[PDB]
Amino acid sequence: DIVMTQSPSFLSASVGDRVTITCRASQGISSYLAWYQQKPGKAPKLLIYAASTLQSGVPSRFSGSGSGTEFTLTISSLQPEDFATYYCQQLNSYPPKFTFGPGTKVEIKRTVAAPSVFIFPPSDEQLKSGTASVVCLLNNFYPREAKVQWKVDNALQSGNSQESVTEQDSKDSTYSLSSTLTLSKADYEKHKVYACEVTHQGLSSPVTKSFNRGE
């Protein structure tokens, strides 16, 4: 197997920074790499081919470097347009014609902001349909990395909750993450204390927002 890996998965920088996105082939691909830019909704756009050659029509601030197993894509001075996700692809990677990387999303950097944590118990309306979804909301935080651990009667839950993170806000460049812990009304009544524990860079301690079922 020949695998392409991109690091970091998410990168934070400000307009004007020199940004460098690393791509690593599990084995040498000597110069058979391309670099693509993709924004949400729009199609991928080829930036670099043969690991160093710049595609016609692409800003000169973009550069591709590296040969063999480790490649870099460098933006000398980050522009507002350059906030997007970047993919390195493997040309002529025999079994698939192309093998793309996991993708590096360049993000607006700003001051660390703690998440505003709220917990919403299931509505009586949803409980009338046999289901109970407890929603935990982390509002307006930075950076993206925020850990949300559900506790049901102080038992850490896993595999019955789903997370969703908004795009970086256009005004304050913060993130919001909702985590929905869904379980049957039966299972819901089988427990009492439903808590959401939030670990984040801006919090000195994990913030636990909890409620007792039926209070």
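Just count from 1 along the sequence shown to find any residue number.
**OP:** Pick between 190 to 198 and 17 to 25: the one whose mean CA B-factor in the entry is higher.
**Re:** Mean B over CA atoms: larger for 17 to 25.
**OP:** Would you determine, from the values in the PDB entry, which of 156 to 164 and 66 to 74 has the greater average C-alpha temperature factor?
**Re:** Comparing 66 to 74 with 156 to 164, the higher average CA B-factor belongs to 66 to 74.
Subject >> Highest recorded Cα temperature factor - choice among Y142, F100, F83, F118 >> reply: Top of the list by C-alpha B-factor: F83.
**OP:** Would you mind checking where the Cα B-factor of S7 ranks among the modelled residues of its chain, as the lowest, middle or highest third?
**Re:** Answer is highest: the recorded C-alpha B-factor places it there.
Original post:
Where does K109 sit by CA temperature factor within its chain: lowest, middle or highest third?
Top reply: Middle third.
**OP:** Determine, from the deposited record, the chain-internal third of the Cα B-factor for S56: lowest, middle or highest.
**Re:** According to the entry, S56 has a C-alpha B-factor in the chain's highest third.
**OP:** Could you say whether, by C-alpha temperature factor, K171 belongs to the lowest, middle or highest third of its chain?
**Re:** Ranked within chain, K171 CA B lands in the highest tercile.
Original post:
Which third, lowest, middle or highest, does the CA B-factor of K42 fall in along this chain?
Top reply: CA B-factor rank for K42: highest third.
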